[PDB]
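**Q** Below you'll find the structure I mean.
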Amino acid sequence: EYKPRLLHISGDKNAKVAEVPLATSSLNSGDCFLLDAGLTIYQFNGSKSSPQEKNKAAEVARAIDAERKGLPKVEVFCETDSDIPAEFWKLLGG
């Protein structure tokens with residue numbers, strides 16, 4: 001059971017990213033987010049944010065891209081409206 005993991009990419013103007021506990025409700029729409037689930041991963045990026053988390057997140061997905069070589073499945077998208085596909089929200093929130 002893979003341990004889902006909640007990586008967060010954001011910080012208004014002080015962009016800061018870091019590991020985080022599960023958080024569907026405490027998520028932060030607008031900034032870029034990354035949940036890791038065994039082999040699959042959803043960089044739930046938030047379109048309400050910008051190049052801060054976006055860059056930081058692209059950097060995080062990057063390091064993970066070089067670590068796993070894309071072996072695992074990833075889904076990145078800095079989306080906002082309807083930014084809640086039951087799949088990811090369910091995986092970590094449902």
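Residues in the structure tokens are numbered from 1 in each chain, the chains being A, B, ... in the order shown, and ligands are numbered from 1 in the order shown.
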Write out as a list in words each polymer residue whose atoms come within 7 Å of residue A:4, counting only C-alpha atoms; drop sequence neighbours fewer than 2 positions from it.
**A**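 Here the qualifying residues turn out to be residues 2, 6, 35, 36, 37 and 38 of chain A.
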**Q** Pick out each residue of chain A that DSSP on the backbone tags as helix (DSSP H, G or I); I need them as number ranges by chain.
**A** A: 51-68, 86-93
**Q** Any chance you could export the current selection's N, CA and C atoms as a CSV table (one decimal), in the first residue's frame?
**A**
chain,number,residue,atom,x,y,z
A,51,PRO,N,4.4,30.8,-11.7
A,51,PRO,CA,5.7,30.3,-11.9
A,51,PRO,C,6.4,30.0,-10.6
A,52,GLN,N,5.9,30.4,-9.5
A,52,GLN,CA,6.6,30.1,-8.2
A,52,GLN,C,6.5,28.6,-7.9
A,53,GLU,N,5.4,28.1,-7.6
A,53,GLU,CA,5.2,26.6,-7.4
A,53,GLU,C,5.3,25.9,-8.7
A,54,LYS,N,5.0,26.6,-9.8
A,54,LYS,CA,5.1,25.9,-11.0
A,54,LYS,C,6.5,25.5,-11.3
A,55,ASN,N,7.4,26.4,-11.0
A,55,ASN,CA,8.8,26.1,-11.3
A,55,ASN,C,9.3,25.2,-10.2
A,56,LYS,N,9.0,25.5,-9.0
A,56,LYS,CA,9.4,24.6,-7.9
A,56,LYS,C,8.8,23.2,-8.1
A,57,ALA,N,7.6,23.1,-8.5
A,57,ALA,CA,7.0,21.8,-8.7
A,57,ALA,C,7.6,21.1,-9.9
A,58,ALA,N,7.7,21.8,-11.0
A,58,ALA,CA,8.4,21.3,-12.2
A,58,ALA,C,9.8,20.7,-11.8
A,59,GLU,N,10.4,21.5,-10.9
A,59,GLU,CA,11.7,21.0,-10.3
A,59,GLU,C,11.6,19.7,-9.5
A,60,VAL,N,10.6,19.7,-8.7
A,60,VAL,CA,10.3,18.5,-7.9
A,60,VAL,C,10.0,17.3,-8.8
A,61,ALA,N,9.0,17.5,-9.7
A,61,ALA,CA,8.6,16.4,-10.6
A,61,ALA,C,9.9,16.0,-11.4
A,62,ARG,N,10.7,16.9,-11.6
A,62,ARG,CA,12.0,16.7,-12.3
A,62,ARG,C,12.9,15.7,-11.6
A,63,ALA,N,13.2,16.1,-10.4
A,63,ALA,CA,14.1,15.2,-9.6
A,63,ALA,C,13.5,13.8,-9.5
A,64,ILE,N,12.2,13.8,-9.4
A,64,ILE,CA,11.5,12.4,-9.3
A,64,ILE,C,11.5,11.8,-10.7
A,65,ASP,N,11.5,12.6,-11.7
A,65,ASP,CA,11.6,12.0,-13.1
A,65,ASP,C,12.9,11.4,-13.3
A,66,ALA,N,14.0,12.0,-12.8
A,66,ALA,CA,15.3,11.4,-12.9
A,66,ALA,C,15.5,10.3,-11.9
A,67,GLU,N,14.8,10.3,-10.8
A,67,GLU,CA,14.9,9.2,-9.8
A,67,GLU,C,14.2,8.0,-10.3
A,68,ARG,N,13.0,8.1,-10.8
A,68,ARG,CA,12.2,6.9,-11.2
A,68,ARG,C,12.4,6.7,-12.7
A,86,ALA,N,-12.2,13.3,-9.3
A,86,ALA,CA,-12.5,12.3,-8.3
A,86,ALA,C,-11.3,11.4,-8.2
A,87,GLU,N,-10.6,11.1,-9.2
A,87,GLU,CA,-9.4,10.2,-9.2
A,87,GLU,C,-8.4,10.6,-8.1
A,88,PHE,N,-7.8,11.8,-8.3
A,88,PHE,CA,-6.8,12.2,-7.3
A,88,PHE,C,-7.4,12.6,-6.0
A,89,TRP,N,-8.5,13.2,-6.0
A,89,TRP,CA,-9.2,13.6,-4.7
A,89,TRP,C,-9.7,12.4,-4.0
A,90,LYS,N,-10.0,11.4,-4.8
A,90,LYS,CA,-10.5,10.2,-4.2
A,90,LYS,C,-9.2,9.5,-3.6
A,91,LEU,N,-8.2,9.4,-4.4
A,91,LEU,CA,-7.0,8.7,-4.0
A,91,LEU,C,-6.4,9.2,-2.7
A,92,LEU,N,-6.4,10.5,-2.5
A,92,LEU,CA,-5.9,11.0,-1.3
A,92,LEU,C,-7.0,11.6,-0.4
A,93,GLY,N,-8.1,12.1,-1.0
A,93,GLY,CA,-9.3,12.7,-0.3
A,93,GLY,C,-10.6,11.8,-0.2
**Q** Closest to residue A:28 among A:3, A:8, A:16, A:69, using only C-alpha atoms?
**A**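 Result for the nearest residue to residue A:28: A:8.
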**Q** Find the residues near residue A:74: any atom within 6 Å, counting only C-alpha atoms, skip ones fewer than 3 places away on the same chain, and give them as a list in words.
**A**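 Once the nearby chain positions are removed, what remains is residues 40, 41 and 42 of chain A.
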**Q** Skip residue A:77 itself and residues of its chain fewer than 4 positions away, then list as a PDB file with C-alpha atoms, in the first residue's frame all residues within 8 Å of it, counting only C-alpha atoms.
**A**
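Final output, out_37.pdb:
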ATOM      1  CA  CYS A  32       1.224  23.201  -7.802  1.00  0.00           C
ATOM      2  CA  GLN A  43       1.331  16.520  -9.658  1.00  0.00           C
ATOM      3  CA  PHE A  44      -1.959  18.292  -9.016  1.00  0.00           C
ATOM      4  CA  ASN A  45      -0.656  21.565 -10.114  1.00  0.00           C
ATOM      5  CA  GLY A  46      -3.036  24.532  -9.348  1.00  0.00           C
ATOM      6  CA  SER A  47      -3.529  26.971 -12.299  1.00  0.00           C
TER       7      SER A  47
END
**Q** Please run DSSP on the backbone and report, as a list in words, all residues within chain A that come out as strand (DSSP E or B).
**A**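 In chain A, DSSP puts these residues in strand (DSSP E or B): residues 5, 6, 7, 8, 9, 10, 16, 17, 18, 19, 20, 32, 33, 34, 35, 36, 37, 40, 41, 42, 43, 44, 45, 73, 74, 75, 76, 77 and 78 of chain A.
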